[PDB]
């Protein structure tokens, strides 16, 4: 699974996700990646999110939309919503993985509960940051 989120100079948010699934996958199995609100969500009023992980738990917990709803309805910051979903709710259901998120104010978060997540981010005009392991 791979993905991208962005906030443009016009204040628009977008998200995209793509995957080949899992080694040795049961043919016809669908994970969170192609499912709106599970592995991919964007709304100018809140956040853009792309997820990666074990799949089934991100569907059951509607992980990408849940970030948006915690912020929009719950009043949580992006940091608070990311902690709640990735570090508390997903593990409670036996889920592992992470996500990338940008809110309408340009805050960026790359939470993961796994040993690693291949990732990078950068503000327009600035030097990018890359990561594989935990900080």
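Residue numbers count along the first chain shown, from 1.
S.K.: Quick one: higher average CA temperature factor, 125 to 133 or 1 to 9?
M.R.: Result of the comparison: 125 to 133.
S.K.: Going by the entry, which of 51, 47, 26, 76 has the most elevated CA B factor?
M.R.: In this record, 76 carries the highest C-alpha B-factor of the candidates.
S.K.: Please pick out which of 34, 37, 98, 55 has the largest Cα B-factor as recorded in the entry.
M.R.: By C-alpha B-factor in the record, 55 ranks first.
S.K.: Going by the CA temperature factor in the PDB record, which third of the chain does residue 92 belong to: lowest, middle or highest?
M.R.: Within its chain, residue 92 is a highest-third residue by C-alpha B-factor, going by the deposited values.
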